[PDB]
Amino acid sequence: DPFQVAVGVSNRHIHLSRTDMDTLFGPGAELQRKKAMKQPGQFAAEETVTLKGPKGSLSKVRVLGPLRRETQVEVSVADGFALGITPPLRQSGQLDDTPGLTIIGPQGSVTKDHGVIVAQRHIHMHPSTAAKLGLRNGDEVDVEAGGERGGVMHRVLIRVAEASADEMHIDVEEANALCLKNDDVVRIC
């Protein structure tokens, strides 16, 4: 069944620019791969940061490599409340009018004015697969999960790129709400 995609539960994490990486970890510092992810080229790094908000802070927030053009922080709704901000629901890269935080690293700190979002659930899909299912990049779909806490998720963003592996990304709260874990199978409706 080509409609079955595996689940990747995305914990809170951060993408860093080269400039911000230099500030937080020192000039010329390279991310060290800790664990390779399903999406090709992407990985969880050894490096982590502390996120400080007006209300509180979060420690050991994972940095995901590779480095990107713009810094982006992804936190759960609960994470936001603990920090003392209200990050809006957004797809990756949609950072206009988003709130900021203070990122703290070993070599320095940077207080961002934007880049913090709650991740909108989505499916990374190969263009081959997307072509089969008659799905276009930018589409939204329904996804069903089984089990004692199962249900159907609306507004699942379809993300098609050549450098993609078939996988669904949901944050920790979405996963727990449906009793989903890494490598669980869900179905596109």
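Don't overthink the numbering: it's just position in the shown sequence, from 1.
Handout entry: Given 40 to 48 and 129 to 137, the range whose Cα B-factors average higher in the PDB entry
Key = The stretch with the larger average C-alpha B-factor is 129 to 137.
request  = Could you settle it for me: does 162 to 170 or 13 to 21 have the higher average Cα B factor in the PDB entry?
outcome  = Averaging CA B-factors over each stretch, the winner is 162 to 170.
When the deposited Cα B-factors of this chain's modelled residues are ordered and cut into thirds, is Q120 in the lowest, the middle or the highest one?
Its C-alpha B-factor, which the entry lists for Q120, ranks in the middle third among residues of this chain.
Modelled-residue ranking by C-alpha temperature factor, third containing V152: Answer is middle: the recorded C-alpha B-factor places it there.
TODO: Please rank the C-alpha B-factors of the chain's modelled residues and tell me whether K55 sits in the lowest, middle or highest third.
DONE: Within its chain, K55 is a middle-third residue by C-alpha B-factor, going by the deposited values.
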